[PDB]
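Q: everything below, folded, please.
(9 chains, ligands or ions: 2)
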Amino acid sequence: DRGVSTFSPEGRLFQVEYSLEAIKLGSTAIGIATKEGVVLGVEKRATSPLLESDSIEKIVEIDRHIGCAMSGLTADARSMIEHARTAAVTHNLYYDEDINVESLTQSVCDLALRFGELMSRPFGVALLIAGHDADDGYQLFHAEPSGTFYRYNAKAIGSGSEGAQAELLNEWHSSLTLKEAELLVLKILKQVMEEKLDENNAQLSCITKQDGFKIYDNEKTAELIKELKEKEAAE
Amino acid sequence: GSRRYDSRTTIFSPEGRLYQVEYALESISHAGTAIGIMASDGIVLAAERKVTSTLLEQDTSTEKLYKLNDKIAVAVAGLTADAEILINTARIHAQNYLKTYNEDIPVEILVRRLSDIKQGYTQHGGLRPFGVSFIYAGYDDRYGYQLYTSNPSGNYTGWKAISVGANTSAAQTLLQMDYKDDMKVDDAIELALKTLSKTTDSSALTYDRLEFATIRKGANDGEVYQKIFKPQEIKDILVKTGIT
Amino acid sequence: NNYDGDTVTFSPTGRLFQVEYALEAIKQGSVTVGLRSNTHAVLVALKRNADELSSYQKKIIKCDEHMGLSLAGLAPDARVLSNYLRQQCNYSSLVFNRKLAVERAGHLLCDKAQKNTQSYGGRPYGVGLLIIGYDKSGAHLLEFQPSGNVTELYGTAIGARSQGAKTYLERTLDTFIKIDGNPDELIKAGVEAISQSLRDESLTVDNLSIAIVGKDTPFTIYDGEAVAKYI
Amino acid sequence: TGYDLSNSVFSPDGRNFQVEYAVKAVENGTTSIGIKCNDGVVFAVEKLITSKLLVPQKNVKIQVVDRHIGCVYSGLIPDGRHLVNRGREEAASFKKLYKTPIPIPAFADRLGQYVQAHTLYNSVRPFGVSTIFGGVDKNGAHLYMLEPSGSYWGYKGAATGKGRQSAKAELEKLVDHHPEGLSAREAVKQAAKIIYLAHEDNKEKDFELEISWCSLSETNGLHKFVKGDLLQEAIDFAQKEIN
Amino acid sequence: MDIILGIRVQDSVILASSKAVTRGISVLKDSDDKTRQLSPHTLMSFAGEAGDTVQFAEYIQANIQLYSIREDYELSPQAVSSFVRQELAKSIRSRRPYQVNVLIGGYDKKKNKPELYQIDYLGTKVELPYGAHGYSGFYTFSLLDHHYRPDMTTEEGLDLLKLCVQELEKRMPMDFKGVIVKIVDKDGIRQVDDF
Amino acid sequence: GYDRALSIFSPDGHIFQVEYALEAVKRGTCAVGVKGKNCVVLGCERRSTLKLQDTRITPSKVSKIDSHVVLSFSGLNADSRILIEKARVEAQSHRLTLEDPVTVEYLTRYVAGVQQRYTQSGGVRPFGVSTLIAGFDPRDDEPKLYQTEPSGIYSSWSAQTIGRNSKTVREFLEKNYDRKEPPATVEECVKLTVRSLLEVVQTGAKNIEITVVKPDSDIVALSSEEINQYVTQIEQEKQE
Amino acid sequence: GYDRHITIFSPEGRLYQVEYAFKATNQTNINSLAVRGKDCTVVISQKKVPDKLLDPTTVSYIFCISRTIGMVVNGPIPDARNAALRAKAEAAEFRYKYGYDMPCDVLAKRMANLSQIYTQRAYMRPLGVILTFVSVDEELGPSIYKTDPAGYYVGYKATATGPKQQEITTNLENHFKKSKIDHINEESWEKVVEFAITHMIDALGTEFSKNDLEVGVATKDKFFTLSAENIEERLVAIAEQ
Amino acid sequence: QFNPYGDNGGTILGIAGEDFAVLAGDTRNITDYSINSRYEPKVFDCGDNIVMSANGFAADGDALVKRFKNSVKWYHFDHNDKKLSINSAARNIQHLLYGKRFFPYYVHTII
Amino acid sequence: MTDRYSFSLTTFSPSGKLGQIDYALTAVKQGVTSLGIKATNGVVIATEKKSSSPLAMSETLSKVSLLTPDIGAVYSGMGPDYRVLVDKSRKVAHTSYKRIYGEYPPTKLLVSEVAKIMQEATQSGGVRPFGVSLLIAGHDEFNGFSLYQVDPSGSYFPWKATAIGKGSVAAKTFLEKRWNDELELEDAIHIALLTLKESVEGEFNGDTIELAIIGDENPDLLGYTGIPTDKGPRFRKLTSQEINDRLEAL
Ligand SMILES: [Cl-]
Ligand SMILES: [Mg+2]
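A: Residues are numbered from 1 along each chain as shown, chains lettered A, B, ... in the order given. Ligands and ions are numbered 1, 2, ... in the order given. See the structure here:
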C-alpha cells in the first residue's frame, strides 16, 4: 500500500491530513476565553431519542484548573485525557504546584505524532484545552493530531467550525464578561446545530480561578437558553 | 520495504467478513466428511478418508480421528498437519488442567481454549488461520455426553448431531430427518454410516476408507471407554448395518 | 512516481523523493532569516497565525545559553530536533564542562536526520532549521536541511519567499559582517533582510520574532513590545 | 518488471537496480579524487560555491578516521558521513582489541562489508556515495575506492563524481609518465590541477579546492589537511596549468 | 497469625481461627477474621507471615471467583485445594516465597461430603478429619485423637472444639483473644457468633 | 512482531477497518436491551438455520461478567469471548483492589477502552462486536444499560438494539418506549422486549432468549415455556 | 508477479531469484578451474585488470579461508568478500569448538546450508556467487567442493566455473576419460599447476601472460597463492615443451 | 570489600530572616585525619535565587547539586523560563534523593 | 538490517488452495524419482543418483541419509531443502526424544517431528514451504517395520509401498501389481530395482543408483563389543558392488 508516516508531494503527512477530515465530521465544540473565565460548550448530538443524553461526555476535567472539550472520533480522546490527567497530577507530585496550561497542552501534543510502523495511526480527535494559571491567566488552546497547538481568544472545532469561527471573529472582544461569553457560545451552537438547541442536546462548562472547572447543570443551562431567546427577541 | 508483499490475513472485507477464514472454510468443504452423532448412552464419530490407494497402510494410519485424553476425542476436516499442531496444544491443556485441579478437564473448557487459539490467528499476528474444523466428542460429569464443532474463525457450538467437511448441507439434512432424542449408540452408528454412504463422492463406502470411533459409558462398572475402530472392526460393522 | 512510496527507495536518476517532499514542507513554511558578524549572530523570524483570533506560531527555540535555532516547516519536528540539541549541549556541559561547538552541533543534527532517510518505516524530518551560536571560535550561523545537509554561512534565509532575503544578504555581505559590537544595527540588517521576503503583510508587533547571541550576550528571544523598536 | 522498486531484488539480468540507481546519485555529486604517491596518499575534492554567503574554508568535506586514514566521497554527503561514523567505530574497536591502528586493507573491508550489507535487505537503502579513502600503515601507503555495491579495489589513482572521466584521463597520464613513482609534494600539486581540470564539467558555479594528505616523510604517517602557503602553492600551480 | 484449627464431622467442616493480631509489643486487634470465602461451599483459613497471609488469601479468592464466573460452576473442594497447593509449591522456589499456611474446609455438593485439607507454605497437602497449623496441633491433636469420631454431629464437633480452645487457653503462652468459628455444610458458610 | 497498521485513515476521514467491523455487527444476530423501573431485560435472537443444536452446552448469548452485571453482543462470536474474558478478569481485579464490585459504567468504559485500543494498535484488527452491558451498581436500585461498538464509543440507553434488522426494532422501541413512564414491572419489561424481537425474529419461541437482571445480583434466564407464554399472549391481543 | 522478486515458488515450482543469482555469477566475465594432484589441489582463475589506475595486487577472487582451505569465487566482489569473511569466521569457530581444523567439505556444506536459508527466508537475498573450496584434507586427501546460490554442493574430481565453463568442463572430461583416474598423476604441485594452465589455454583458446592468471595451491597443512613471478616460471616451463 | 561511601567532613548552616536567607558553610574538605583542601566551596548558587549545599560525602554532594542545577535548567526549557520557586525546588530535590532510596546520597541537604 | 517478514507468505486463495504448497508439490514432481517398499522382514528405499556433471563425485552427494540407527530417509524435489531437513531431523531425534527417554524415537514420531517442521514453513512468517517430499523408512521395537511419506504441507501417510517425483504415477502402478504382504526383503529389493529401471534414462548400475535398507541388526557395523542389548543399526546403505550383484539376477 504506502507508509503511514509518508509525506505527500505538497509536504504534508497524509494520515494527519486525513484525520483532520474525521474531525470535520465530528460534533461542534466552542471555546471562548475572557478575563473573567474560559467557557467551553459542545453539541451532544445523540444518534437516537432513546440514548440517555447525560451519558454523552464530550466535556471533561483534566485538573481543577484545566478543562477540555473534544470533537471528532471521541473514543480516541480517552487515552489523551488519561495522559493529560496523569501529566497534571504527576507535575503536582514533583513540584508542589499547579501545572501551566501550555505545558499540559504541550504534553498532550507530544503524543500526536507518535505513530508509525507506538500507535498505528494519528488521533482522530481535536481538543479545546481551557484553563487558568498564575503566569499567563485564562487560556484556551486548540490541540490537533498534527502535534501543533495554537492559543486562541475564541475557537470553534467540528462540523460547524468555519461558520462558527467567522461568527466568533465579529463577536469576540477583550472586555467580554463570563455571562456574555456563555450566551455567545449558546448563540453560535444554536446557529450551527442541525437539531434545535436545548439543555439536553447541548452542554456548557467553564473554568474560573475561584471555583475551578465546572460542568454546568442542565437546569442552569436551560436558564441561560431562556435568557438568550429573550435578548434576541429584544431587538 | 516488506509491506509490499503482505497479504494482510487479519482484515475485514467491505461486507464485514474475514477473507482468510472464509477461504479456509472453502478449503475445508473439499476435505473428507466427518460426522458426529450424540446419543443418550454414548457418542459416535465417523469420518471418511480422502486418499484411497490399495498401498496405503490403513491399520497404522490416522488422518481423521485423534485422541485428546481418555474422555475426549476429535474428528478432523481440513489440513491434517494444521490439525496436529492444534491437537498437541489441546493435549497439553488437558494435562495442565489435570495437574492444576486434579480433575479431568471439562469438555467445553478444552474446546473454548482451542477455539480461542484459532480466533487469535484471525485478529492478530499477520499469519494465515488454521485450515481445520474439529468435531469434539467428549464426556464429563457436569454435562455428560457432548458434541462440539470449531472452525477457523474460532467460533464453536454444541450439537446433537453434526457434520463437517464435504457435503455438509446434504449430510445435515439427512441427519435432521432421521435423528431422534431418545436414540441409542447402536442406532447412531447405523445413522452415521448411512449418512456417509449417501453423501460420499465415491462409488461405494468400504472399510479401507473409514475411520470410526465411539465414546460409551458402557464400560465395566460405570466408566467411559473410547474405542477407535480397527480396520477389521469397521468391516464387521459395515456388514452388520447392511451397507456391504 | 513509483519511487516515492517510502524513504528507502532511490529513483532511477538517484533521487530520494520522500526527502524532496520533506524539503517541500519547508518552502510552505513561514520565512525566517539568519545572519552574523564577528561578535554577534542574529535570527529574525516572521511568525504565522491561523486567523485573527489565533496566536502567532513561535519560530525560535533556545537550545543553550550560547546556542539556539529558528524553524520553518513542521513545528513538532523542530521540537524533536531542538530537544535533541538541548540534550547534546547539556551532555557536553555535564560530562566535559564544555560548551558544545556550533559546528559539532550541526554534525549531530546531520547524522540524526540521515538515519531517518536510509531506514524503512521512518520518515525524513519535515523542517529546516537556522542555528545561531557563539562558541570558542566566535559567532556562527548554520542552515540545516532534513536531507542531512548542514551548511555554515555568514547569512541565509529559509521558508516561503526566502530567495528575496537571501539575495539582499548576498549584496549586503561586506556591510553586515563588519557590524561588530553593535547588536541593534545587526538586528536592523536582519529586519531589513526579512522585509525583502514580505508580500501584502508587513511586520507588526506580534508578527515579528527576533533572537540574538554574542560575545557578552546570552541567547535571548525578543517578542511583543520588545521588537517594536525595530519596526 | 518491478525489479527496480525494491533493494536486494535480482533482476532477470542478475543485477540489483537499486544499487545502480544509487550510482546515479554518486555520478550527480561533485568531483573527488585520490592519488597514491611514494610514501603516502593525497586526497582532493571539488566544493561548489553555491552562493557568496558560504563561509570560505568552513564546510569541510574530507574526514579523518583514526589518526592515519583520510576519507573523501561524492554523492549524498550525509550518507558519506554515516559511513565515516561507522568507519570510526570499526577503527576504534580494532585498536581497542589489537592495540595497533587499523591497517588500510583491513579498514577497507570493514567499510566494504558494511556497504555490502545495505544491498542484502529491502528494509534498507544502498549508500548514495562512492568513497575514496586510504593512508599509511606498517606495509606502506594504500589508496582505495568503494562503490554503493560494496565493491572496492586498491588504486594508483582514483576519481569519482561528475568530473570522473576527465580526472581518470589525467590520473592515467601520471601513472604512465611516473612508473618509478610520484612524491608527496608533487601529488598535492597534481591533485590541485586534476580538480581544476575536472571542474569543466561543473563550470557554471565557481568552486573551492580542498586537499589533504598522509605521507610517511611529510606528515609522519598521519592525516593532515593542506593549509596556508602549501595550499596556495598548489592553487597557483593549478591556475598556471589551465591557462 | 497464630492458631487455626479445622475439624471435619459427619455433614460439615468447622474452622476455628484466632482473633488476635499482634505486632511485636502490642496486640493491635482482637477481632480479626483469618478466613476468606473462596466459593459458596469452600472456606479457607490462613496463618503465617504478616501481609503475605491476606495477600495470598485474597489472590486465591480472586482466582476461584474468576473460575466460578467463567464456567458458571463451583469447583470441588479437592480441585480448589489442588490449585492452592500448586500456587504454594510454585511459591517456595520463588525469589520471595509466600510464608502462609492454610486450611481449606469445603462441602462437596456432588459427593455430599465435608472435606478438610491442610496445606503448609511449602505446598504440602493432606486431607484430614482434623487439622491445625503451627503450635496449635501440639496441644490439640492428642485431644482430637481421643475424642474424635467420624459420625459426630455439628454440635458435638463444636463441643470438641471448645475443649481444644480451653486447652489452648490453659497451656499456650500467647493470648490469642479467642476464636471466630465458621461452619461449612450443604447450605453454605455461616459464622457461630457466640463462642 | 507483526506491527502493520491495519486500522488507518482514508482520504475522506474514515477508518474503514472500524467501519467494516460494524458491518460484521450488522450481520450478527439481533440483541435488544430494555430497562424498566426496577429491572433490565436483555433479549437475544437465535437464528433457526441451526437445528440439531444442543442448547444445554452451546454458548449462551448473554454472559455474566460478575454476579450483578451481564453482557450480550451482536457480531463475531469468537471476538466476543475475548472481550468477555478481559471484562471478567477486570471485574475481579476491581473487587480485589477497590474492595467493591465494578459499576456498570466502569465495566462498560473498560470494555469500550479495549475495543478502542484495537483500532489504533499495530498488527491487530478491530473487534467485530458491539455489546449491550446491563446491571445494577452495588447497593443501588437504579437500572443501567450501556452500549459499546468497535470504534470504542459507549453510551447509556433507556432501550437499545444492535445486530441484524436492529433498524426495525429500534423503530419499534422509539414509538413504544415512554421515558416518563418505563415498564413498571418485570412482566411489562419482558413483554416489551419480546414484542420488539417479534418484529424481526419471524418464528415462535425457540429463536428468542430472555434474561432478566434485577437489583442485588438477582439474574435469571427465562426458559422456552416461560417465553412461549409471552409469545402466545402478544399475538392473541394482536388478533383484534 | 511478485513471485519473481522474493524467494517464493512460482507456479512452475521455480525460485526465480535463485535463478537470477546464478546469472549474477557470470557478471565478472572470469573463468575458474580446479584440479587435483596426488599430494595437492590446484585452482586457477583468470585475472582481468581493465583499468590502469587499479593496483593489480589488490584485484583477486582467490581467498585464504584457513591455513588448509582456499576458496575461489565466481561472482561480484562484494558478495565474494561477504562469503569469504563468513567462511573464515566459520572455520575459526569450528576449530575453537571442536578442536581440529574444519574440513573443506564440511565448510562447503555449512556455507551451502547458509545459502539454502536465503532461498527459503524472504528478507535475505541469495549471494550472487559460486564458491569453489579447495584443500588437501587430512582424511579425504586432495579435495574440491563447490557451492552455489541454490544451496547445492558436491565434491569434484575437477571442476570449472564461469561463462565458458562448458568448454573447460568437456576438455577436462576428455582428459580423465583417457587417463582413467580421478586426478593428475604428478608428484610436484608445480607440474599440476602447469597442467591446469595448459588445459585452460587449450579449452579457452587464449594465451596467457603472468598478469592474466591467478593461481592458488593447496598442499598438506597449507594453502597459498602464487605471485606473478611464480606464475611466470610456470608459463616458461609450458612454452619450453 | 569496597566501601562506596566516605566522609569529607564539613558543616553547613541555613538561617531564614524576614526578607532574606543565609546559607553558610566551612570551606575545609577532609578525609580521616588529612586535610584535602582549605578552600573547597560547598555552598552553591543554583540560579533562580536558590542556594544549595549537600554536606557529607562530597562526591554524592557534588553529584546531587550538579543534578539539581541541571533540573533548574530543564525546568526553564520545559515550562517557558518560569522561575522555580523554593517550595517547588524542595519537592524536586525530595524526588532526586528518594530516587536513590536503596543506594542513598550520603548527605544532609539544605537549600 | 531488519526481518520485516512477520506475515505468512502462504495464504488461502479464493478457491481454498494454499498456492505455495501446491507449487512446492509441483517442484517435487520435477524432482528425480525415489521409491520405498515394505517387506515382512524389512524396508527398502531407493532413488537415482542424477549426476549434474561426470566430473562431480556422486558418492559425496548422499540422497539416502541415516536419521537414526534404525531410520533412513530419501527424497524427491530440491536437494538443499532435503539436506537441512536431515540436519534438523537428526537433531530433533536427540533433543525432543533421546535426551529425555534414553532411546531413539520410533519411526512415526520422528516423522511427526519432521512433518511439524515442514508445516511451520507453511504458516510461519517470512518463509516458503520446503520443496521436497520425503520417504522415511524405519524400524522400532513396538511398531515393527514402517514406511512413511511426508509432503510440503506437513501431511504424512504410512505406505506399504510408494513412489514420489518424476515417474511416480507409472511407478505406483508397477508397485501395485508386484506388492503382496508375504514379501521377503530380497524380493522387495528386486522389485525396487525393477521399478526404478523404468524411470531411469541413462546408465543403470551401482554407481548411478542409491539404495538403502532397514533390515536385521548389524552388530558388525556397531564399532564396539561388550553390551548385549545394543545389537547394531538396522539401517544399511547397499554398496555399489552389492547393487551390481542383484542386477545380474534381474
Ligand atoms: Cl549448518
Ligand atoms: Mg530470500
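
Q: drop to CA atoms for contacts and neighbour counts, all remaining ones
A: Noted.

Q: can you tell me the closest non-neighbouring residue to residue I:37?
A: Spatial nearest neighbour of residue I:37, chain neighbours left out: residue I:161 (4.2 Å); criterion: C-alpha to C-alpha, 6 or more residues apart in numbering or on different chains.

Q: do the same with residue I:54
A: That would be residue G:173: by C-alpha to C-alpha, 6+ apart, it lies 7.3 Å from residue I:54.

Q: was I right about that neighbour contacting residue I:53?
A: No - Residue G:173 is not in contact with residue I:53 according to C-alpha atoms under 8 Å; the separation is 9.3 Å.

Q: who has more neighbours out of these two?
A: It is residue G:173, of residue G:173 and residue I:53, that has more neighbours when counted by other C-alpha atoms under 10 Å in any protein chain shown, with 17 against 13.

Q: shouldn't the more buried one be within a helix?
A: Yes - membership of residue G:173 in a helix is supported by DSSP: H, G, I helix; E, B strand; the rest coil.

Q: kindly list the longest strand within chain E.
A: Longest strand in chain E, counting residues (DSSP state E): strand E:100-108.

Q: in its sheet, what does it sit against?
A: For strand E:100-108, the paired strands and their directions (DSSP bridges) are strand E:42-48 (antiparallel), strand E:113-119 (antiparallel).

Q: now mean neighbour count too, for these, in CSV please.
A: Shown next, in CSV, are the strands paired with strand E:100-108 (neighbours: other C-alpha atoms under 10 Å in any protein chain shown):
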stretch, mean neighbour count
strand E:42-48, 25
strand E:113-119, 25
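
Q: near the residue of chain G found nearest chain F, how many other residues are there?
A: Nearest to chain F in chain G, going by C-alpha to the nearest C-alpha, is residue G:123, at a distance of 14.3 Å. If you count neighbours by other C-alpha under 10 Å, residue G:123 ends up with 25.

Q: pretty sure it is touching residue I:126, no?
A: Yes - with contacts counted by C-alpha under 8 Å, residue G:123 reaches residue I:126, the gap being 7.1 Å.

Q: shared neighbours of the two, anything?
A: Counting by C-alpha atoms under 8 Å, 6 or more residues apart in numbering or on different chains, the residues touching both residue G:123 and residue I:126 are I:4, I:5.

Q: now the strands for chain C?
A: Under DSSP E, chain C gives strands at C:32-36, C:40-46, C:60-64, C:67-73, C:127-135, C:138-144, C:150-152, C:155-158, C:208-214, C:217-222.

Q: tell me which strands and helices the shortest one is in contact with?
A: It stands for strand C:150-152. helix C:102-118, strand C:138-144 (3 or more C-alpha pairs under 8 Å, 6 or more residues apart in numbering or on different chains; DSSP states H and E).

Q: and for the third one?
A: On a contact count with 3+ C-alpha pairs under 8 Å, 6+ apart, strand C:60-64 meets strand C:67-73, helix C:75-96, strand C:208-214, strand C:217-222.

Q: who touches it?
A: Contact with strand C:60-64 is made by C:43, C:45, C:68-71, C:82-83, C:85-86, C:89-90, C:209-211, C:219-221, H:77, as judged by C-alpha under 8 Å, 6+ apart.

Q: which positions in chain F make contact with chain A?
A: Within chain F, the positions near chain A by C-alpha under 8 Å from any C-alpha of the partner chain are F:3-14, F:113, F:116, F:120-122, F:151-153, F:155-160, F:174.

Q: tell me the secondary structure at residue 61.
A: Assuming you mean chain A. Applying three-state DSSP: residue A:61 is strand.

Q: okay, now residue I:28: neighbour count?
A: By other C-alpha under 10 Å, neighbour count at residue I:28 equals 26.

Q: and it, what element?
A: helix I:19-30 (DSSP states H and E).

Q: which strands or helices does that helix pack on?
A: strand I:71-77, strand I:132-140.

Q: which is the next helix or strand following that helix?
A: Stepping forward along the backbone from helix I:19-30, the first helix or strand reached (DSSP H and E) is strand I:34-38.

Q: next, the angle from the helix or strand just after that next one to strand I:71-77.
A: As assigned by DSSP H and E, the chain's next helix or strand after strand I:34-38 is strand I:43-48. Compare the direction of strand I:43-48 with that of strand I:71-77 by axes from the mean of the first three to the mean of the last three C-alpha atoms, to 10 degrees and you get 30 degrees.

Q: tell me the helices and strands packed up against strand I:43-48.
A: If you count contacts as 3+ C-alpha pairs under 8 Å, 6+ apart, strand I:43-48 packs onto strand I:34-38, strand I:71-77, strand I:132-140, strand I:144-150, helix I:185-199, strand I:209-214.

Q: ok, which of the ones you listed comes nearest residue B:103?
A: Across those, residue B:103 has its closest neighbour in strand I:132-140 (34.2 Å, C-alpha to C-alpha).

Q: for residue E:23, list each beta-bridge partner.
A: Counting by DSSP bridges, residue E:23 forms beta bridges with residue E:26.

Q: gap between it and residue E:61?
A: Separation of residue E:23 from residue E:61 (C-alpha to C-alpha, to the nearest Å): 25 Å.

Q: between those two, who's got more neighbours?
A: Neighbours were counted for residue E:23 and for residue E:61 using other C-alpha under 10 Å; residue E:61 has more, 21 against 11.

Q: nice, that's everything, thank you.
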